[PDB]
Amino acid sequence: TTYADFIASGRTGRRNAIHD
Amino acid sequence: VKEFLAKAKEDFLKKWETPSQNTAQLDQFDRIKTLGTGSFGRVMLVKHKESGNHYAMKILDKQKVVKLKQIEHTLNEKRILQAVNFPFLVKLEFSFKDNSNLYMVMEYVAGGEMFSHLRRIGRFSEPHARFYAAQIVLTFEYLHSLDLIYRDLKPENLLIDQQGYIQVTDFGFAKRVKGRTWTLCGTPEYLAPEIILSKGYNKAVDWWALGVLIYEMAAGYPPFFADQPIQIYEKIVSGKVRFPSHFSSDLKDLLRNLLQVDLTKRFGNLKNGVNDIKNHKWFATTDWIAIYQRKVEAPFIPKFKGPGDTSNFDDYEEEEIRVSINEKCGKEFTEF
Ligand SMILES: Nc1ncnc2c1ncn2[C@@H]1O[C@H](COP(=O)(O)OP(=O)(O)OP(=O)(O)O)[C@@H](O)[C@H]1O
Ligand SMILES: [Mg+2]
């Protein structure tokens, strides 16, 4: 399921603004 | 709303033209605990000595700001925050700087980030998501009328107050522009395709972001996700969106009109402006005046055990704020 693929991904935590 | 906005603009301009500075100093507060962190700084719960009130202090290391080339952006954040006034925008109570850091003292919003509640619960019901969505629509209408673009909409930046209402924080990427701009900034999952393609963009990116937010709130996960930013950009550019089985027909239609790559079709930017959003079927049950007046029944009201309670926030490793006997980057932050 899409939920399972999300939950198993590396971006389920707080996301930071892009920084160069 | 035309008369309101007209008077609100006048109020804004006076402050934008003559910003307040140096309204406090570090020794007037006792630093207590870190509430959250971001790429450019950290926010701490603090207690004001003379009044006994609690506040959320955003601390920026000047040298880090320079290294990451966020000088102009940081100046934007402070100038904009001190000039705005809206029920859903966090209030800047004080601002000041010292040899090493820049400080922005805001009102402490005890309910925690929407992010934490969202991930714990899983997802918000449509009426629940709609309540928060309505507040953001009004905030963007206000901001855009002042020629301001927010550029960093996300659950991590939407705080829940004691009444269950939203308080937007982090104006790090907020900018006042008439026309288009080119900076590649924001958060991967929320970037509109125009940004990624380096073609130049305007206020319409905030409306696309609203689409992503509504989708994330209702689904529990964003419309475009992957392990690496670059993989996320490919999905955004392709543009094909997939909707969960539980999304109502009205929600999916509103979303197709927000997560719209074609600028001549994306809601919020068209001729009718914000009214294309407000008058949409998904928002039929919304009383826009009541929402603004905060008279609507909040679907969720956070638990709070007195002032200074941070139970609605995760814990963070504490870091000592450095000091130096030598002023750093003085001329760069003169107007701060
Ligand atoms: N007024 C407030 N009350 C309580 N907590 C707050 C307040 N303002 C910010 N925070 C907390 O601090 C966190 C991030 O702080 P901030 O937005 O200043 O970081 P940043 O470096 O600008 O982030 P980015 O990664 O987008 O660049 C928020 O997500 C929230 O947890
Ligand atoms: Mg932030």
# chains A, B, ... in the order shown; residues from 1 in each chain; ligands from 1
call {"tool": "interface_residues", "arguments": {"of": "chain A", "to": "chain B", "cutoff": "8 Å", "atoms": "only C-alpha atoms", "output": "VMD selection string"}}
result
chain A and resid 3 6 9 to 11 14 to 20
call {"tool": "write_last_selection", "arguments": {"atoms": "N, CA, C and O atoms", "output": "mmCIF file, in the first residue's frame"}}
result
data_model
loop_
_atom_site.group_PDB
_atom_site.id
_atom_site.type_symbol
_atom_site.label_atom_id
_atom_site.label_comp_id
_atom_site.auth_asym_id
_atom_site.auth_seq_id
_atom_site.Cartn_x
_atom_site.Cartn_y
_atom_site.Cartn_z
ATOM 1 N N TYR A 3 0.599 3.797 1.957
ATOM 2 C CA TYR A 3 0.921 4.114 3.347
ATOM 3 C C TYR A 3 2.149 3.317 3.813
ATOM 4 O O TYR A 3 3.075 3.870 4.408
ATOM 5 N N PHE A 6 5.274 4.632 2.326
ATOM 6 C CA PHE A 6 5.650 5.896 2.951
ATOM 7 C C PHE A 6 6.293 5.644 4.309
ATOM 8 O O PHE A 6 7.388 6.135 4.593
ATOM 9 N N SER A 9 9.729 4.553 4.326
ATOM 10 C CA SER A 9 10.681 5.467 3.680
ATOM 11 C C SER A 9 11.487 6.289 4.684
ATOM 12 O O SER A 9 11.179 6.302 5.875
ATOM 13 N N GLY A 10 12.522 6.969 4.194
ATOM 14 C CA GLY A 10 13.367 7.773 5.064
ATOM 15 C C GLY A 10 12.915 9.201 5.331
ATOM 16 O O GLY A 10 13.628 9.968 5.985
ATOM 17 N N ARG A 11 11.738 9.570 4.834
ATOM 18 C CA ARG A 11 11.227 10.927 5.037
ATOM 19 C C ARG A 11 9.904 11.017 5.806
ATOM 20 O O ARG A 11 9.003 11.758 5.404
ATOM 21 N N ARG A 14 10.431 15.026 10.767
ATOM 22 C CA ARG A 14 10.458 16.460 10.492
ATOM 23 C C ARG A 14 11.372 16.746 9.305
ATOM 24 O O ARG A 14 12.500 16.258 9.243
ATOM 25 N N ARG A 15 10.863 17.516 8.353
ATOM 26 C CA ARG A 15 11.609 17.851 7.147
ATOM 27 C C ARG A 15 12.161 19.268 7.245
ATOM 28 O O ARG A 15 11.449 20.199 7.623
ATOM 29 N N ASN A 16 13.439 19.419 6.922
ATOM 30 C CA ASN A 16 14.093 20.719 6.988
ATOM 31 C C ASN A 16 14.079 21.437 5.648
ATOM 32 O O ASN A 16 14.040 20.809 4.583
ATOM 33 N N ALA A 17 14.126 22.761 5.713
ATOM 34 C CA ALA A 17 14.142 23.570 4.512
ATOM 35 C C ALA A 17 15.425 23.241 3.775
ATOM 36 O O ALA A 17 16.434 22.878 4.392
ATOM 37 N N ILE A 18 15.377 23.387 2.455
ATOM 38 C CA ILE A 18 16.525 23.134 1.598
ATOM 39 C C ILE A 18 17.643 24.118 1.964
ATOM 40 O O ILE A 18 17.382 25.290 2.229
ATOM 41 N N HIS A 19 18.884 23.639 1.965
ATOM 42 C CA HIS A 19 20.041 24.486 2.272
ATOM 43 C C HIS A 19 21.239 24.101 1.411
ATOM 44 O O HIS A 19 21.629 22.934 1.362
ATOM 45 N N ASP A 20 21.795 25.082 0.704
ATOM 46 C CA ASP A 20 22.926 24.840 -0.190
ATOM 47 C C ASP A 20 24.249 24.701 0.548
ATOM 48 O O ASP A 20 24.998 23.753 0.226
#
call {"tool": "residues_around", "arguments": {"residues": "residue 179 of chain B", "least_positions_apart": "6", "cutoff": "9 Å", "atoms": "only C-alpha atoms", "output": "PyMOL selection string"}}
result
chain B and resi 147+201-203
call {"tool": "select_by_dssp", "arguments": {"residues": "segment 240-327 of chain B", "states": "helix (DSSP H, G or I)", "output": "PyMOL selection string"}}
result
chain B and resi 249-258+275-278+281-283+288-292
call {"tool": "closest_atom_pairs", "arguments": {"of": "chain B", "to": "ligand 1", "cutoff": "7 Å", "atoms": "only C-alpha atoms and all ligand atoms", "output": "JSON lines"}}
result
{"residue": "B:35", "atom": "CA", "partner": "ligand 1", "partner_atom_place_in_ligand_line": "11 (C)", "distance": 5.3}
{"residue": "B:36", "atom": "CA", "partner": "ligand 1", "partner_atom_place_in_ligand_line": "12 (O)", "distance": 3.7}
{"residue": "B:37", "atom": "CA", "partner": "ligand 1", "partner_atom_place_in_ligand_line": "14 (C)", "distance": 4.4}
{"residue": "B:38", "atom": "CA", "partner": "ligand 1", "partner_atom_place_in_ligand_line": "21 (O)", "distance": 3.0}
{"residue": "B:39", "atom": "CA", "partner": "ligand 1", "partner_atom_place_in_ligand_line": "25 (O)", "distance": 3.9}
{"residue": "B:40", "atom": "CA", "partner": "ligand 1", "partner_atom_place_in_ligand_line": "21 (O)", "distance": 3.6}
{"residue": "B:41", "atom": "CA", "partner": "ligand 1", "partner_atom_place_in_ligand_line": "21 (O)", "distance": 4.2}
{"residue": "B:42", "atom": "CA", "partner": "ligand 1", "partner_atom_place_in_ligand_line": "15 (O)", "distance": 5.5}
{"residue": "B:43", "atom": "CA", "partner": "ligand 1", "partner_atom_place_in_ligand_line": "12 (O)", "distance": 4.7}
{"residue": "B:56", "atom": "CA", "partner": "ligand 1", "partner_atom_place_in_ligand_line": "3 (N)", "distance": 5.0}
{"residue": "B:58", "atom": "CA", "partner": "ligand 1", "partner_atom_place_in_ligand_line": "18 (O)", "distance": 5.3}
{"residue": "B:90", "atom": "CA", "partner": "ligand 1", "partner_atom_place_in_ligand_line": "1 (N)", "distance": 6.1}
{"residue": "B:106", "atom": "CA", "partner": "ligand 1", "partner_atom_place_in_ligand_line": "1 (N)", "distance": 5.0}
{"residue": "B:107", "atom": "CA", "partner": "ligand 1", "partner_atom_place_in_ligand_line": "1 (N)", "distance": 5.1}
{"residue": "B:108", "atom": "CA", "partner": "ligand 1", "partner_atom_place_in_ligand_line": "3 (N)", "distance": 4.0}
{"residue": "B:109", "atom": "CA", "partner": "ligand 1", "partner_atom_place_in_ligand_line": "3 (N)", "distance": 4.1}
{"residue": "B:110", "atom": "CA", "partner": "ligand 1", "partner_atom_place_in_ligand_line": "4 (C)", "distance": 6.1}
{"residue": "B:112", "atom": "CA", "partner": "ligand 1", "partner_atom_place_in_ligand_line": "4 (C)", "distance": 6.5}
{"residue": "B:113", "atom": "CA", "partner": "ligand 1", "partner_atom_place_in_ligand_line": "31 (O)", "distance": 5.7}
{"residue": "B:152", "atom": "CA", "partner": "ligand 1", "partner_atom_place_in_ligand_line": "26 (O)", "distance": 6.6}
{"residue": "B:156", "atom": "CA", "partner": "ligand 1", "partner_atom_place_in_ligand_line": "29 (O)", "distance": 4.5}
{"residue": "B:157", "atom": "CA", "partner": "ligand 1", "partner_atom_place_in_ligand_line": "29 (O)", "distance": 4.9}
{"residue": "B:159", "atom": "CA", "partner": "ligand 1", "partner_atom_place_in_ligand_line": "4 (C)", "distance": 7.0}
{"residue": "B:169", "atom": "CA", "partner": "ligand 1", "partner_atom_place_in_ligand_line": "8 (N)", "distance": 5.2}
{"residue": "B:170", "atom": "CA", "partner": "ligand 1", "partner_atom_place_in_ligand_line": "17 (O)", "distance": 4.0}
{"residue": "B:172", "atom": "CA", "partner": "ligand 1", "partner_atom_place_in_ligand_line": "22 (O)", "distance": 5.4}
{"residue": "B:313", "atom": "CA", "partner": "ligand 1", "partner_atom_place_in_ligand_line": "31 (O)", "distance": 6.9}
call {"tool": "atom_distance", "arguments": {"atom1": "atom CA of residue 276 of chain B", "atom2": "atom CA of residue 206 of chain B"}}
result
14.9 Å
call {"tool": "atom_distance", "arguments": {"atom1": "atom CA of residue 216 of chain B", "atom2": "atom CA of residue 316 of chain B"}}
result
24.9 Å
call {"tool": "residues_around", "arguments": {"residues": "residue 329 of chain B", "least_positions_apart": "4", "cutoff": "8 Å", "atoms": "only C-alpha atoms", "output": "list in words"}}
result
residues 62, 63 and 333 of chain B
call {"tool": "closest_residue", "arguments": {"among": "B:332, B:77, B:287, B:93", "to": "ligand 2", "atoms": "only C-alpha atoms and all ligand atoms"}}
result
B:77
call {"tool": "atom_distance", "arguments": {"atom1": "atom CA of residue 176 of chain B", "atom2": "atom CA of residue 103 of chain B"}}
result
21.2 Å
call {"tool": "residues_around", "arguments": {"residues": "residue 277 of chain B", "least_positions_apart": "3", "cutoff": "10 Å", "atoms": "only C-alpha atoms", "output": "NGL selection string"}}
result
:B and (134 or 137 or 207 or 254 or 257-258 or 267-268 or 272-274 or 280-283)
call {"tool": "residues_around", "arguments": {"residues": "residue 26 of chain B", "least_positions_apart": "4", "cutoff": "12 Å", "atoms": "only C-alpha atoms", "output": "list in words"}}
result
residues 22, 30, 31, 46, 47, 48, 49, 57, 58, 59, 94, 95, 96, 97, 98, 99, 100, 101, 102, 103, 104, 105, 321 and 323 of chain B
